[PDB]
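Take a look at the structure below.
A quick note on method: Cβ atoms are made from the backbone with ideal geometry, for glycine too, and the neighbour counts reach across all protein chains shown. Read-outs throughout are calculated quantities, based only on the coordinates presented, and are distinct from any laboratory measurement.
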Amino acid sequence: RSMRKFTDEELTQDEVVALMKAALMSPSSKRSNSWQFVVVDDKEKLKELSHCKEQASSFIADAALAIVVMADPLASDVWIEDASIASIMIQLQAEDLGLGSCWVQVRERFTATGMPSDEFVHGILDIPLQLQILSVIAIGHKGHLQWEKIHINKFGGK
Amino acid sequence: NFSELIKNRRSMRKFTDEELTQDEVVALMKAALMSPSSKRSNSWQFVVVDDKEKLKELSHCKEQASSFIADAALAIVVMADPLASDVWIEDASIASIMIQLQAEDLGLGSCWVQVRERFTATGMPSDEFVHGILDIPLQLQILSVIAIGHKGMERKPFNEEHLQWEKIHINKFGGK
């Protein structure tokens, strides 16, 4: 063991492909598939990318892989919904493979110096301005339900 | 498991008349409540609708895109508190898809009916319409209605020939 959020242990090509397929099979409004994905395995880029989080993300920095989820807002007015779906599909597929993941939120977030996290990520990964970033899903080998929120047939019951 | 779950999952808009069991309803409700959310704050709320007259009313929330809600066994309306989370859209989205994935796991069908930034036949926000049907406080924003039921037709699995590999970029946009 170590403090790393994810172990040394390398992803297989089969696992990496399975993750990409899960992303690409995500259901999207009108099958618009507004999303795109940047798959980051370079260690110095994972270290840079990790500062997209106000306090830098050690999940990103220690990851085997990170998948940056983005979307074209002209392809879909519900690009946020569509990208969120794709984010979850990645994480659930990771879990099914016996890997771990961490969703680092990018939309509406800021870096340590108050730069919009989307703007920061655009600069790190050379992403066109036409795409908007939702999240970074960091992946690797891993290092009380609120029933009051359920209403039956109307809000507050009856 | 999950791999075949997502291959086989398709939007279901025809349903049989078979009632959901309480065990199924609970499983779906638990999937909603188990959703990971920003801050672990859980901004969301859910209205679970089995009343046929209310399903009929909800089915008008978008003209004809929504009208198959009337034939569903259950609808779960997913909403969230924008003051508890500035990423309430993400949080509600995640809960929405977790419900659908649980439905698939149970052998039921589902369809996501988008409410946010959609409009009724008369140009009323669908969110405002649904607020009126289910007496939801105006603070909460509605994302979606998940219609659930026994599947009334088969749908084809996803054909991997049609995976859009051009949307995968290695290390930087446009990288291979």
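A few comments on the model shown:
- Restricted to segment B:28-120, the set of strands (runs of 3 or more DSSP E) holding at least 1 residues that are among the aliphatic types (A, V, I, L, M), farther than 25 Å from A:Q105 by Cα and under 16 Å from the mean Cα position of the chain (by Cα) comprises B:44-49, B:74-80.
- Leading residue by the ranking (nearest to the other protein chains (Cβ to nearest Cβ)) among those in segment B:7-33 that are touching a helix residue (DSSP H, G or I) at 6+ places or on another chain (Cβ under 7 Å) and aliphatic (A, V, I, L, M): B:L33
- For segment B:78-119, filtered to residues that are of a type in the set (G, A, S) and buried (at least 22 other Cβ atoms within 10 Å of the Cβ), the residue that is nearest to the other protein chains (Cβ to nearest Cβ) is B:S93.
- Checked against (1) more than 10 Å from chain B (Cβ to nearest Cβ); (2) of a type in the set (A, V, I, L, M, F, W, C); (3) in contact with a helix residue (DSSP H, G or I) (Cβ under 8 Å, 6 or more places away or on another chain), A:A75 passes all but condition (3).
- Matching residues, segment A:131-152, being within 9 Å of chain B (Cβ to nearest Cβ) and either surrounded by 16 or more Cβ atoms within 10 Å (Cβ to Cβ) or within 26 Å of the chain's Cα centre (by Cα) (or both): A:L131, A:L134, A:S135, A:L145, A:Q146, A:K149, A:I150, A:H151, A:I152
- Candidates in segment B:154-170 are the residues that are outside any loop (DSSP other than H, G, I, E, B), surrounded by fewer than 13 Cβ atoms within 10 Å (Cβ to Cβ) and not acidic (D, E); of these, the one that is farthest from the other protein chains (Cβ to nearest Cβ) is B:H162.
- Test: residue in segment B:77-87 that is under 28 Å from B:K156 (Cβ atoms) and touching a strand residue (DSSP E or B) at 6+ places or on another chain (Cβ under 9 Å): yes
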